[PDB]
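This is what each chain is made of:
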6 protein chains.
Amino acid sequence: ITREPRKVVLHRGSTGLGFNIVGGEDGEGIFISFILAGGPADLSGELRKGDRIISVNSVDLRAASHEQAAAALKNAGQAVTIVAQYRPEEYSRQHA
Amino acid sequence: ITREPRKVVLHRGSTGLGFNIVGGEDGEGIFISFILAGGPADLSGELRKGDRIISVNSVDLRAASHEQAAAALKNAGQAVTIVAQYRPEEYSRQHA
Amino acid sequence: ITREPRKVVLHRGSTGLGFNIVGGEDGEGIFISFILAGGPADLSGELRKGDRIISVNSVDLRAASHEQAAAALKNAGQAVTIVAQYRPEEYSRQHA
Amino acid sequence: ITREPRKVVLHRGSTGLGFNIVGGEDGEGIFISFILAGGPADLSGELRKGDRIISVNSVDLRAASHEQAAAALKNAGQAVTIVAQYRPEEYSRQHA
Amino acid sequence: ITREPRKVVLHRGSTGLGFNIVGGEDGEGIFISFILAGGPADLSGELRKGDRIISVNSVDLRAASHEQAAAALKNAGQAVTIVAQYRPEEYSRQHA
Amino acid sequence: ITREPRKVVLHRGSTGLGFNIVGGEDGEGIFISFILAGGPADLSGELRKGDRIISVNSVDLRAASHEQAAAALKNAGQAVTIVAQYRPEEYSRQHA
């Protein structure tokens, strides 16, 4: 609910973090379009649809491309530190 | 490599299918933007980045919205039948 | 919703089937007390809280003890064929 | 073997903790009826059949109902702190 | 127990099959040195320590090198058809 | 790349660590023959083929037998502390 950036630490035993990302087309930012039930993201209970990913393990994804967001997530290791900012209006305005 | 629709059956024991989807913004179609290592999609070896999802278990996703694509995948059960069509040019043209 | 026995086939890559069982104390039957999100049971969408397990791979669990129900499930292999019968009244009447 | 409460921290990447719970019918307490091979509970090696769950992440489950025990576990996040007390006699006396 | 080749079909949602392999050094054959609890191999209940892998999805591994055995398993897809032959004497004679 | 021992902490929610081990035949040491995609080992990005396992949670595996290496790994719990030393020459010299 907070519009202030949040730090969320997710742990994974396999590649999946439990969410799907969109954006990164032309510097509009990377957003979480949906959370998968039972996965790390779901279990934490902090990440949601509409969240924008500011960074993943220090790597700045604000003006990142989808390909970069994907690479950052892929190499985040088992403990993934996501800084997300809940901004639905923008998500809608840009994707829905 | 084939541009003809392919039927791909993925099996899952948890919510994840092993890929990330984009599109579904304004009827441009749903595409696989990236495959996750070790997941069902990766293991099958048929699905790839650039693939467009024509349908998931009969449900037509050609002109579906991201929200619908997500719901179809969510309720596909354990055996998910995807009909994908490899069209990179369009993926680029529309997302990259 | 049907009170007639249903055959449900769940597939697992690990020990978990995605549900929790109670009963088997004094021949009252084995019941599913809760479904876990993302697991096989959840994904199938057929099994629910209140369901009574008639059998698991031919093994009759009607008048089974909790210990037997556990052993049947443990050795069901990867393809587990459950015959469940939805009877909430009895579940309540006996456990809640 | 100790009858003194033990703190056990289990980590999960999916909903499952690796054990099955019974009780919570009429304030007799929540007990672990069986451990699943390969799951978090099994891997830790501390939790066993006969253990009574005093609490899960501060939430007191002593006189909890099965429904509450289930909700506590469901929302425990990825790091689940269980305080269990090994009391087989009571488990038998009440369930077996 | 049978010394006659057996066909065993394992299903996986992730890379792991649930067993560890040795051999393939100098054409002595590939053997299963240990089974992991809860994994596909364990769940099937057919594969055991001492088993020699004749083939994996038609690919003949009799005189295969460890590197080839690894590649065959890696690309077996989700349904892996193993033809194993239980020969402990040889396993000992060659590895233990 | 470093030939100096490295401490690598892997986390698992199931029995699998994400790698396959060989050796332990006649005190030549235990080595990682291959890494599985998506598993803990792969995700960490530190362990590789050719690595020799000096210890797993203090348990010295230098002159361990395959059976001991297997037992150490089996009981390492969820947080597994591996001290590996990258020595390919020896791996080749002894296995390939």
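What counts and what doesn't
- Residues numbered from 1 in each chain as written, not as in the entry; some residues may be left out.
- Chains lettered and ligands numbered in written order.
- Heavy atoms only, no water.
- Helix = DSSP H or I, 4+ residues; strand = E, 2+ residues; numbered from the N terminus.
- Rg over C-alpha atoms; globule rule 2.2 N^0.38 Å.
- Buried < 20%, exposed > 50% of the residue type's maximum accessible area, 1.4 Å probe, protein only.
- Contact = heavy atoms within 4.5 Å.
- Areas by Shrake-Rupley, 256 points an atom, 1.4 Å probe, with all protein chains shown as cover.
- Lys, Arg positive; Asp, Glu negative; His and termini not counted.
- Charge placed at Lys NZ, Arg CZ, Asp CG, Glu CD.
- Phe/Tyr/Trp six-rings, centres within 6.5 Å; stacked < 30°, edge-to-face > 60°.
- Least-squares fit on C-alpha atoms.

Per the deposited record, X-ray crystallography is how this structure was determined, to a resolution of 2.8 Å.

**What to know about the overall build of chain A**
Helix and strand counts for chain A stand at three helices and six strands. Mapped in sequence order, the helices and strands of chain A form the string β-β-β-α-β-β-α-β-α. Compactness check: chain A gives a C-alpha radius of gyration of 12 Å against a globular reference of 12 Å for 96 residues, within 12% of the reference. For the C-alpha atoms alone, the extent of chain A along its principal axes is close to 35 × 25 × 20 Å. Burial status across chain A gives 55% buried among its 96 residues. Within chain A, contacts between residues separated by at least 24 positions form 64% of all contacts whose residues are at least 6 apart in sequence. With an accessible surface of roughly 4,200 Å², chain A has 48% of that area assigned to carbon and sulfur atoms. Looking at charge distribution, chain A has the averaged site of its 11 positive side-chain charges lying 3 Å from that of its 11 negative ones.

**A short note on the packing of aromatic side chains**
Two measures describe an aromatic ring pair: the distance that separates the ring centres and the angle between the ring planes. Residue and element names in this part refer to chain B. This model, assessed by the stated rule, comprises six aromatic pairs over all chains. Centre to centre, the rings of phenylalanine 31 and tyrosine 91 are 5.9 Å apart; their planes meet at 55°, and the pair counts as tilted. One end of the pair, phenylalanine 31, is in strand β3 (residues 30-35); the other, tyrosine 91, is in helix α3 (residues 88-95), with 60 residues separating them in the sequence. Here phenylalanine 31 and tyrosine 91 have matching classes, each one buried.

**Details of the environment of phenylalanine 34 of chain D**
Residue and element names in this part refer to chain D. Position of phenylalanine 34 among the secondary structure elements: in strand β3 (residues 30-35). Residue classification places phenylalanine 34 among the buried residues on the basis of a relative accessible area of 13%. The spacing of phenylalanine 34 and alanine 71 is 37 residues in sequence and 19 Å in space, taken between C-alpha atoms.

**Some thoughts on the relation of the copies chain A and chain B**
For the pair chain A and chain B, the relating rotation is 180°, the translation along its axis is 0.0 Å, and the fit reaches an RMSD of 0.0 Å. Seen this way, the second copy is the image of the first under a two-fold rotation axis. Mapped onto chain B, 100% of the interface residues of chain A again fall at the interface, so both copies present the same surface.

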